[PDB]
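Asker: Just dropping this structure here.
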Amino acid sequence: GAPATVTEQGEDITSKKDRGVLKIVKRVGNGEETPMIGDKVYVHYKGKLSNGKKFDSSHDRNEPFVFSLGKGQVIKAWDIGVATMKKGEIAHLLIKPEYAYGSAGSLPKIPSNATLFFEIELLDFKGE
Ligand SMILES: COc1cc2cc(c1OC)OCCCOCCCCCOC(=O)[C@@H]1CCCCN1C(=O)[C@H]2C1CCCCC1
């Protein structure tokens with residue numbers, strides 16, 4: 001169970017060391033450059049509630065998913081986790097609601113106090 005594997009085996013990459021974002025690297029990337037805040041980043045991802053109840057993929061949309069790192073165009077967890085990644089890396093994230101959609105949730109897709117699981121591949125990142 002990919003979400004459980006990440007609970008057991010994930011690195012806590014939070015500042016406050018609150019196990020709110022957990023990470024395993026599943027495939028290794030290239031170089032030592034990782035993206036800085038304001039970098040434009042290209043990814044493919046597979047995502048779900050850890051309940052396994054709703055599911056989501058860039059592939060559904062038939063195209064890469066693009067955002068500006070650390071601009072809050074995504075959840076705090078993504079801005080934190082993707083920043084730790086290298087070009088070509090695949091990693092797994094398990095995320096507590098404080099780094100996702102909180103007690104307010106995001107209905108209908110996301111309920112209150114949801115935990116999320118993503119598989120993310122980083123493809124590219126160009127400077128601001
Ligand atoms: C709460 O809304 C959604 C959440 C998520 C996917 C959604 C979505 O509908 C708006 O549709 C995919 C179409 C892309 O639309 C822009 C995504 C920006 C929204 C912010 O997204 C995020 O911060 C993260 C990371 C980037 C990929 C999308 N993600 C999500 O949380 C996903 C959810 C969808 C349900 C299963 C878990 C992942």
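Following the order of the structure tokens, chains are lettered A, B, ..., residues in each are numbered from 1, and ligands are numbered from 1.
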Counting only C-alpha atoms and all ligand atoms, which residues of chain A fall within 6 Å of ligand 1, and what is the closest atom pair for each with its distance in Å at one decimal, ordered by chain and rising number, as a Markdown table?

Answerer:
| residue | atom | partner | partner_atom_place_in_ligand_line | distance |
| --- | --- | --- | --- | --- |
| A:47 | CA | ligand 1 | 37 (C) | 4.6 |
| A:48 | CA | ligand 1 | 37 (C) | 3.7 |
| A:49 | CA | ligand 1 | 37 (C) | 5.1 |
| A:54 | CA | ligand 1 | 36 (C) | 5.1 |
| A:55 | CA | ligand 1 | 36 (C) | 4.5 |
| A:56 | CA | ligand 1 | 36 (C) | 5.0 |
| A:74 | CA | ligand 1 | 23 (O) | 3.5 |
| A:75 | CA | ligand 1 | 23 (O) | 3.9 |
| A:106 | CA | ligand 1 | 1 (C) | 5.5 |
| A:109 | CA | ligand 1 | 35 (C) | 5.6 |
| A:116 | CA | ligand 1 | 37 (C) | 5.9 |

Asker: Just list as a PyMOL selection string whatever in range 1-126 of chain A DSSP marks as alpha helix (DSSP H).

Answerer: chain A and resi 2-9+58-61+76-83

Asker: Tell me, in Å to one decimal, how far CA of residue 40 in chain A is from CA of residue 18 in chain A.

Answerer: 27.7 Å

Asker: Using only C-alpha atoms, pick whichever of A:53, A:2, A:125, A:33 has the shortest atom-to-atom distance to residue 111 in chain A.

Answerer: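 With only C-alpha atoms as the atom set, the closest residue is A:53.
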
Asker: Using only C-alpha atoms, which of A:50, A:62, A:115, A:5 sits nearest residue 24 in chain A?

Answerer: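 For residue 24 in chain A, the nearest of the candidates is A:5.
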
Asker: Can you pull out the residues contacting residue 118 in chain A? Cut-off 6 Å, using only C-alpha atoms, and skip same-chain residues under 5 positions away; I want them as JSON, numbers by chain.

Answerer: {"A": [46, 47, 92, 93]}

Asker: Kindly export the residues of the current selection with C-alpha atoms, as a PDB file, in the first residue's frame.

Answerer:
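Below is the file that was written, part_31.pdb:
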ATOM      1  CA  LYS A  46      -0.918  10.541  -9.933  1.00  0.00           C
ATOM      2  CA  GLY A  47      -2.895  11.578  -6.840  1.00  0.00           C
ATOM      3  CA  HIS A  92       5.927   9.608  -3.332  1.00  0.00           C
ATOM      4  CA  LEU A  93       4.328  12.082  -0.927  1.00  0.00           C
TER       5      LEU A  93
END

Asker: Figure out the distance between CA of residue 45 in chain A and CA of residue 66 in chain A, please, to one decimal in Å.

Answerer: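 Between these atoms lies a distance of 10.9 Å.
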
Asker: Restricting the calculation to only C-alpha atoms: of A:119, A:89, A:11, A:79, which residue gets closest to residue 31 in chain A?

Answerer: A:89

Asker: Do you know which residues are at most 12 Å from residue 1 in chain A counting only C-alpha atoms, after dropping those on the same chain fewer than 6 positions away, and could you put them as a list in words?

Answerer: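 Close residues of residue 1 in chain A: residues 7, 8, 9, 50, 51, 52, 92, 94 and 117 of chain A.
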
Asker: For residue 21 in chain A, which of A:82, A:37, A:123, A:95 is the closest residue, counting only C-alpha atoms?

Answerer: A:95

Asker: Using only C-alpha atoms, determine which residues lie at most 9 Å from residue 90 in chain A, disregarding the query and same-chain residues fewer than 4 positions distant; provide the list as a ChimeraX atom specification.

Answerer: /A:24-29,85-86,119-122

Asker: Give me every strand (DSSP E) residue in range 41-92 of chain A, going by DSSP on the backbone, as a PyMOL selection string.

Answerer: chain A and resi 41-49+55-57+65-68+90-92

Asker: Can I get the selection written as a short mmCIF file (atom, residue, chain, number, x, y, z; two decimals), in the first residue's frame, with C-alpha atoms?

Answerer:
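Below is the file part00.cif, written as the result:
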data_model
loop_
_atom_site.label_atom_id
_atom_site.label_comp_id
_atom_site.auth_asym_id
_atom_site.auth_seq_id
_atom_site.Cartn_x
_atom_site.Cartn_y
_atom_site.Cartn_z
CA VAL A 41 8.14 23.46 -13.12
CA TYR A 42 6.75 20.69 -15.32
CA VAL A 43 5.38 17.46 -13.81
CA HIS A 44 3.34 14.33 -14.30
CA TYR A 45 1.50 13.15 -11.18
CA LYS A 46 -0.92 10.54 -9.93
CA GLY A 47 -2.90 11.58 -6.84
CA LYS A 48 -5.62 10.44 -4.44
CA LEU A 49 -7.14 10.70 -0.99
CA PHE A 55 -8.23 9.80 -7.82
CA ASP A 56 -6.55 12.26 -10.22
CA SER A 57 -3.88 12.37 -12.94
CA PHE A 65 0.98 20.00 -15.25
CA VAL A 66 2.73 23.31 -14.90
CA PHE A 67 2.97 25.74 -11.98
CA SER A 68 5.25 28.36 -10.48
CA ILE A 90 9.91 10.30 -9.16
CA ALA A 91 8.88 10.51 -5.55
CA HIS A 92 5.93 9.61 -3.33
#

Asker: Would you please work out which residue, of A:20, A:71, A:6, A:87, is nearest to residue 114 in chain A when using only C-alpha atoms?

Answerer: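 Of the candidates, the smallest distance to residue 114 in chain A is held by A:20.
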